[PDB]
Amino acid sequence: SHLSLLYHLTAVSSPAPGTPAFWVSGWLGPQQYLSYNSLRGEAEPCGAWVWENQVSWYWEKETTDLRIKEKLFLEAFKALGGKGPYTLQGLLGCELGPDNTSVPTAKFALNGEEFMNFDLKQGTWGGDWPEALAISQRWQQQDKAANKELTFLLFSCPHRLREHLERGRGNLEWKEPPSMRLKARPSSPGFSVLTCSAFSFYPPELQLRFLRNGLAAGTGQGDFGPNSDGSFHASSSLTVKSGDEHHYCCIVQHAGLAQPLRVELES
């Protein structure tokens, strides 16, 4: 629907040596625009956002806010004792909505399971485990922390999101259609596998389907992943009887194409 700005925060209690105890990636929809870790200690732009037509002090404000969150996350481990090791994750951010309105997100997970949130109307951290209470009180007892979290989600995030939409519009409206290949290989005896592959496309939404005689033959089994520049790869595979490979074609739908593209077997 609406594109959002979300921060993926992680802290670990026993980091491998020379790896960060705390690190952040910032995402504008499916694009990473921000990177931060506790060894380097500054927030920095990623990819094409290095070149964004940005205002002075934008990035030093990002650095300032994440340093506060760094300390908070590490303090959370002190409030636990237990034994560990622990992993603490947070998903913090906002999404633009209707009447020029912002919808915030503030969720946390411990060793891979969601256990706590921030209530934005009340300004409190809450959850049900003993660990949520321990961490939430330690954070609650921290002078100004709840206020800074309120400002971060209710003010800074939507202002950041609206700025990047204007100033990063070239990046957000980037369009790159997939390069397509259709290949077959033998599989079980009497069977071949047909693989329809989509290389280097943006945005990530894409559909692959197989046709035979112009009618649906099936979607096949799919997978999906990123390239290093934030474009994407996808493929889908269909099992067919040996000798039938040439009866099937692949059809791809993507915002980067003027219309669905039909793709034929290669020899």
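One rule holds for the numbers: they count along the sequence shown, beginning at 1.
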*asked:* I need to verify one thing: averaged over C-alpha atoms only, is the B-factor higher for 143 to 151 or for 156 to 164?
replied: 143 to 151
_Please compare 56 to 64 with 217 to 225 and name the stretch with the higher mean C-alpha B-factor in the deposited structure._
217 to 225
*Sort 92, 193, 180, 79 by C-alpha B-factor from the entry and give me just the highest.*
79
*Relative to the other modelled residues in the chain, which third contains the C-alpha temperature factor of residue 261: lowest, middle or highest?*
middle
*So where's residue 171 on the chain's Cα temperature factor ranking, which third?*
middle
*Can you work out whether the C-alpha temperature factor of residue 255 puts it in the lowest, middle or highest third of the chain?*
lowest
_Looking at the temperature factor on the CA atom of residue 25, which third of the chain's modelled residues does it land in?_
lowest
